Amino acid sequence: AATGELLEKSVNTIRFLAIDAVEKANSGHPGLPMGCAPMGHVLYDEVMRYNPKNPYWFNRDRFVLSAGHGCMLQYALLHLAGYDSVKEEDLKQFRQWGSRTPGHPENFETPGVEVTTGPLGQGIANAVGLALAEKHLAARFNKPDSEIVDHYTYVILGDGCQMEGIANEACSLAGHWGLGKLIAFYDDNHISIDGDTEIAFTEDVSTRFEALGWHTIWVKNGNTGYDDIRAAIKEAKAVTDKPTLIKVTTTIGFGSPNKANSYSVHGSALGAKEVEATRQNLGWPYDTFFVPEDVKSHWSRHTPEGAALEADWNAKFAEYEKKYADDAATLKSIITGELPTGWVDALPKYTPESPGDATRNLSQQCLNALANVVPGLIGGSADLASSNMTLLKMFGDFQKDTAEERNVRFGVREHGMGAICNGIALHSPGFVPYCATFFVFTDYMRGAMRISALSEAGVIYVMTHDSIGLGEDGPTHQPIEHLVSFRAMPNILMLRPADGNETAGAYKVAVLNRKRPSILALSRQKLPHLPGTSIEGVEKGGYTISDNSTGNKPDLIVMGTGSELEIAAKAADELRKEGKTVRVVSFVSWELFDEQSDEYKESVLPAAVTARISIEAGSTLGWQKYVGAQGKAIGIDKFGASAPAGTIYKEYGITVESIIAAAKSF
């Protein structure tokens, strides 16, 4: 470990890389990096196990910056540690077009960044997920003679993250689950954007954490108390049954004579005068982006030492694989992301002779089938297991003493649940996390869902009670705008399966899509199995299920999704008996349809056919793209009602009579 002047110079190297990167961009956040440089130095230089030349090493300790605005702290540390993703020139292209150093940390841009933060509270909730993943894999795979899984999860969070509901949700679960390898550093700097925290944040954070089942430590001088930081981390490792909150009191902008300890230093460049004053105050004669030779030499040891650490773990994995071949192959699937051969064949098959069932129940059949062939399938419901139908019946519950189990019981914590699942997904590429609530409550967890899409986290969102079909719970519970609100969102599938074959298809797509989250909108109510539904169809997003036309010139195209596809099918039957040629199209995914060839699109929605009807129990917005200038979208552009679902469908005109009336009107 560095001592005396070398330690001071190393900590200031981190401060000035942040200051100088922010100054060059004339954009970003120097305050947090200046105050957090001491704990950042101790974490990357002394405590964390990693190989800086292999950011993908399975058994690395994981670091998350929940206060993502402070990203120049992490970029400085990744640079000094020898990560290939943060060269000197990447620091010089902070916040610049297409750089590896974006203004908030992005796993998809910067190998060595574990998750995407910037939206406050996501990172601490992600760290709960990363620690769940480690605890599960250790319980599931470790043997008396092979501790093949053993790593810590370290997270830096500030006052903003500590005010966000998502952080209280995830930290309640971390305490409940006894995640003893989760070690959180609270940057206790008494500053947020509005200024002193006294303006809006006077709670006793440490006592709240004790109440949540956490171990708490207070480091009163985080600016210069290196030994206190080191002793806090050692005490944290000694407490194996509870997550640890190390409250570290720092000065934001430590070393700035004129901007330290003020909102001034949170979120803008120091400027020329204050950069010079800070250099003079800290005693930093060095040029911009300068790493002193002695600091360079000190940090250089992480490359050989990190290679040696990973080699030690590789030898342990080889011995594990020799003695426990089956368990090693199962773990290797979670590590590599290579899904076992033939996994798709586990999915259930249906015909129109299969009895009708709700897609929430058909979803449970798919989850249970997949659990046997997808080793990384893990997850569950926010307190709605018996309504969302999420239980893997061959497994018990994930708990402190049963972490090997694969049902995760999130309680009434949708937002925390989503960010925990992002952490599981981004732990190892063979994780397939799923989580569930009523579809309407995606609104509670939408911040985490958007970050699934941005961070390429393949979370499966199992969202039941997808419409007015749920009935009596009424308009507070009935989605309307939700489908289109996700159709608009980049990099997320909005799947709305009609029946058994479409639900199996939606799950095949969701499991294959390890870099894009999938939402499945699933019915409360029972639906028939329809002639012509197929997995192959779902993979194309929009596909024909019935057609009595010739020349690719149906008199009418009726398109539907989910529970409304049977209404389209029944209307088509009645219209065909009157001598009309009708094509019925399933739009189970707009996103996958849009990805298809021009020739495929023409085969389903011929340009010459203008007589087009859509039916879906939700917003009509965006359906005009598929029903066109002459067509009619049947839907709901108002809130729902508290009544038996049958009554709502009739009153809202979500009926075969509405389709027949629209067909007459062309």
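Start at 1 and count along the sequence shown; that's the residue number.
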378-386 set against 343-351, stretch whose average Cα temperature factor tops the other in the entry: 343-351
Stretch with the greater mean C-alpha B-factor as recorded in the entry, comparing 331-339 against 454-462: 331-339
Largest Cα B-factor, entry values, listed residues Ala611, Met48, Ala67, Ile636: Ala611
Residue, from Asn54, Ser603, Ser619, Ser27, that the PDB entry assigns the highest Cα B-factor: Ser603
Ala629 - which third its CA temperature factor falls in, relative to the rest of the chain: highest
For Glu169, the third of its chain into which the C-alpha B factor falls: lowest
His529 - Cα temperature factor, lowest/middle/highest third of chain: highest
Among modelled residues of the same chain, the CA temperature factor third for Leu91: middle
Modelled-residue ranking by C-alpha temperature factor, third containing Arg279: highest
